[PDB]
């Protein structure tokens, strides 16, 4: 019988057979009181104790959220839809332990993405069993509330202060601190890693004083708080919570009466009004996300970064080659998952209007002219590849390098990667390239399972990424092996070297998309 005694009770888990060995899994440990009724929109309250045995034998409920129904039956979009029931009773976490039981194992804590509106830790691409099995690390993942039930903000008001989902993550990091030693983990060697909004969450934990002692190192994939989509000013966050009160019929004179009104609304009526809090409408919009709440985030994040008020430790940061293409099928004219998506100059600027609704006509012309110095003046794909890299550079690559520059300037070693391999099983068309989110299955080692049609090059590369990630967690350096491996050098503001990841060849490059990023850093803020 598999049983472990936490500080709030005792949990029992399962034995899983992985690659001829076994990994012990505990699925769905509650880490907070279910934020129901009076506790909706509040910070997570601590659990007390159970005096029984909690069968942590199945993934728990996912937090209430809207579902991506744009392409019914399509694996490419539904692999991100939650695969458990939805409920506000959703603050649970998962723990993967290598067998035989370790003694001081390093812990990887995964924070999922999904624009702070969607996501769950029970997805197949977040399965921590191979990381536990292949690198002998403990993997932890939690669910945190998303949408308005996680980030509705009346700044200063404890009934709905903002950033509740971030506090959900933080209290799960407190659970790891308090209980992971009972599983064989080292509380003093914990590495947070995540993707997109999860990577942005990780970067925010680097700023929040309440998280300073709850982890050791950080890995950020396709995300950081300085991204345009990552943070809403507290002034704008308050307008949208009152707009959503208007859509619900909850507009009152006192703030606490407004919150009392939305606490008795059915969860499905809150989700159904979330998309309207803003006129529109980027497929990248975050209607309810992190804000300056004066508690988890005491000031605008770019200020505390510039002022050096963040945790000083090693970070690992990187992006994919075609971050932008995933978002053009969600509204840009002429783009389709079933077409080759060749678009015209006109469709390109109308695509710009979709992603840049509040930018002047001069500003849209400058973007266009910076991305139309064709190499083959008469290549059709020119305009559709250009707009993908506009979305990609602006929303991910340039903010990620700007974060790593400014972070590295305070004396800690930073490592930057560029993920260039497209999955051989990727269900999206070839024109979409190496998409946002499709490095995750290589980070979690899914290509190491030789029975899901992956190529041998892909298992080699995934096994390398798994090792570099685990070694950076253990040692603060993503060294793969001492010999017969490409050394991964530190990102510095001077040379800005980064390591590229693909099956063909891992080489060392410099100044990634420097000419494109110079436009978004030093010209675009002036239009």
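Residue numbers count along the first chain shown, from 1.
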- [ ] Look up the CA B-factors in the entry and say which stretch, 471-479 or 49-57, has the higher mean.
- [x] 49-57
TODO: Determine, for stretches 347-355 and 291-299, which one has the higher mean CA B-factor as deposited.
DONE: 347-355
Task: Deposited CA B-factor, highest of 403, 183, 310, 419 - done: 183
- [ ] Going by the CA temperature factor in the entry, name the top one among 251, 121, 177, 106.
- [x] 251
Open item on the list: Ranking the modelled residues of this chain by C-alpha B-factor as given in the entry, is residue 490 in the lowest, middle or highest third?
Closed with: lowest
TODO: State the tercile, meaning the lowest, middle or highest third, of residue 509 with respect to the CA B-factors recorded for its chain.
DONE: lowest
- [ ] Looking at the entry's B-factor column for C-alpha atoms only, identify whether residue 460 ranks in the lowest, middle or highest third of its chain.
- [x] highest
Task: Position of residue 285 among the chain's modelled residues by C-alpha B-factor, lowest, middle or highest third - done: middle
TODO: Can you work out whether the C-alpha temperature factor of residue 82 puts it in the lowest, middle or highest third of the chain?
DONE: middle
